[PDB]
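Engineer: Residue numbers (my numbering), protein chains in the order written: chain H, 975 to 1309; chain C, 975 to 1309.
Backbone N, C-alpha and C define an ideal beta-carbon position, used for all residues, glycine too.
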């Protein structure tokens, strides 16, 4: 069952990381000469349509290598990642990141996904010596993003709730996993304090969702971050007041997989990812529920997943990223 | 009182529209040679930090020329606009827009602001012979955006609510003004039908605002669009059920000017614009209210405006755009 998915995910992500065109850059500069093709600006992450999608397509391959290598073109993936994760190319990425004219680049979606990639590489490095070299070569970029989080989070009086790549909860969820693995107590504290400051008074959520270009659910992603930030007992109480009518399938929009009118439009194509990431969030949250609601949410997750899984290769505007959310949804630890 | 502001805004905008650096592009391409400095990609709108801010800095200058010329450096503005709005440069912008590899560029914020610019030029062309020529030279670009709107709105099953440049209500508010001036009945119908479909069931808004990078209020901007879409008596009934506790200043966030922790960060700097755009929206909405709520919202608007107006020149990350929102708020007809 996973066999078909892993083969498909492998093919997609391997094509993504090397595919140069089409591409979209979001690039600030104060020097007219600092306008170059992505291949030169981003020596590793130039493919997969944009920088952050290339990062998590690399993550998808690392995750497949760590946990699903029997289903995957293992040798091809290892050769591909080896030529990508070199010291010189990583120094090129760090050079772009550390240039003051590029301040704010990829905040926070690329930051969180990069820490998730670094985390997955370090976990693979527990058994694979090549991944220990990859982890060493990418350490400087990871340290850059950790520092940027520590510098920026204290400035955030307010969260960013929208279900696009600016979503605060998504990026901090991954940064928190990274922080706990690295035992970065200061990053962990910064994230926990920020989440509590922003979200602890949220209750009886309206959930005006989805919006036309969202690939994340504002209310679910926030709950998922808080499921890692709060103590279990505290989270269960918070969650019951947060969405108090879930057992009646309310708010109804969360139990209705979203419609996708045109997969050839880059923004509307995000809504396929919403059905996938809703499935992912529902599975995570199901582990904090009593048995009846647990199964209800997992059934809901499967209905959302099934509405999107068949379309992840319809268009490169989907296939350059949807595989990562499909695997995230599939791989949640069911407890 | 307006005198200081108009001379200030003119001073700011004339520097903006010709200032090349720093700059930020959001640029998609399917040809590796299609990566050029903004001055070549956008022969008119290469300045003022980014394409859409350049467009509405041009609007600010046109608006000043039309309605505040006694306070303005008219000869300098006319000379600047004359060299900007040439047939050759407009054809260059249109060439970029019509390239299929650039599909979706600047949707919808740049679209609405360009139609607002075109509207103001066409109004100025009733009295100024040079604006007649500018309007002819920009007509192809306006026609392009009108066509892209008519093509895309039927695909939007869901609105975009976030208070950033993806905000549907902001862009459609300006596009609707343009449509009514041009007597484009189809564009008007598209907008009205979209707004009704997206928003008519919204009631008792939670208003989890602001978020950290917003320069628009989701709930207010939506009400402002509906104030132009619905008949007055329908809007009055809708608005009362929409924010039922406004007369008791609830939700409290709408009566609290937002905090701006760091004006040197491009995203946090948006929060200065939010205080200004809230003031603008409150003034518009006050004209639809009974005397009690009218007075409350107008006092609230003044406090929001006063919290931001002094900071609009603190940093280029603000001055490349804040003047336009200051003028919008100052220019609302109090009825």
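#1: Kindly identify the DSSP beta-bridge partner or partners of residue 1000 of chain C.
#2: Between which residues of its own chain and residue 1261 of chain C is the CB-CB distance below 6 Å, once the five residues before and five after are set aside?
#3: Under the rule that 16 or more other beta-carbon atoms within 10 Å means buried, what is residue 1174 of chain H, buried or exposed?
#4: Measure the CB-CB distance between residue 1063 of chain C and residue 1017 of chain C and report whether it falls below 9 Å.
#5: Closer than 9 Å, CB to CB, is residue 1246 of chain C near chain H or not?
#6: Excluding sequence positions up to five away, which residues of its chain have a Cβ less than 7 Å from the Cβ of residue 1201 of chain C?
#7: Can you find a CB in chain H that lies within less than 9 Å of the CB of residue 997 of chain C?
#8: Output the distance between the C-alpha atoms of residue 1195 of chain H and residue 1142 of chain H, rounded to the nearest integer angstrom.
#9: Within 9 Å of any Cβ in chain D, is that where the Cβ of residue 1195 of chain H sits?
#10: Where does residue 1235 of chain H land, buried or exposed, given buried means 16+ other C-beta within 10 angstroms?
#11: According to DSSP, is residue 1232 of chain C part of a helix, a strand, or is it coil?
#12: Could you check if residue 1287 of chain C is buried or exposed, using at least 16 other CB atoms within 10 Å of its CB as the buried criterion?
#13: Name the two residues that bound the continuous alpha helix (DSSP H) containing residue 1185 of chain H.
#14: Shortest alpha-carbon distance to residue 1029 of chain H belongs to which of H:1058, H:1041 and H:1008?
#15: Nearest by alpha-carbon distance to residue 1166 of chain C: which of C:1146, C:1231, C:1184 and C:1156 is it?
#16: Thinking C-alpha only, which one of H:1102, H:1085 and H:1232 is nearest residue 1130 of chain C?
#17: Can you look up residue 979 of chain C in the DSSP assignment and give me helix, strand or coil?
#18: Do residue 997 of chain C and residue 1003 of chain H have their CB atoms nearer than 9 Å?
#19: Shorter than 9 Å from the beta carbon of residue 933 of chain H to some beta carbon of chain C?
#20: Using the C-alpha atoms, what's the distance from residue 1187 of chain C back to residue 1045 of chain H?
#21: Nearest-angstrom Cα distance between residue 1184 of chain C and residue 1247 of chain H?
#22: Just tell me which of C:1077, C:1013 and C:1102 has its CA closest to the CA of residue 1066 of chain C.
#23: As a quick exercise: from H:1228, H:1035, H:1179 and H:1034, pick the residue whose alpha carbon is nearest that of residue 1213 of chain H.
#24: How would you list, in chain order, the residues of chain C whose beta-carbon sits under 7 Å from the beta-carbon of residue 1135 of chain H?
#25: Please classify residue 1238 of chain H as buried or exposed, where buried requires at least 16 neighbouring CB atoms within 10 angstroms.
#26: Residues of chain H with CB under 7 Å from residue 1242 of chain C, in chain order?
#27: Shortest alpha-carbon distance to residue 1108 of chain C belongs to which of C:1049, C:1060, C:1137 and C:1172?
Structural biologist: So, from the data block:
#1: H:1000
#2: 1309
#3: exposed
#4: yes
#5: no
#6: 1209, 1258, 1259 and 1262
#7: yes
#8: 9 Å
#9: Annotation note: the requested chain D is absent from the structure, which comprises protein chains H and C.
#10: exposed
#11: coil
#12: exposed
#13: It is not in any alpha helix (DSSP H) - residue 1185 of chain H carries neither H nor E in the DSSP assignment.
#14: H:1058
#15: C:1146
#16: H:1232
#17: helix
#18: yes
#19: Residue numbering for chain H in the displayed model covers 975 to 1309; residue 933 of chain H lies beyond these limits and cannot be assessed.
#20: 43 Å
#21: 26 Å
#22: C:1013
#23: H:1179
#24: 1182 and 1185
#25: exposed
#26: 1129
#27: C:1060
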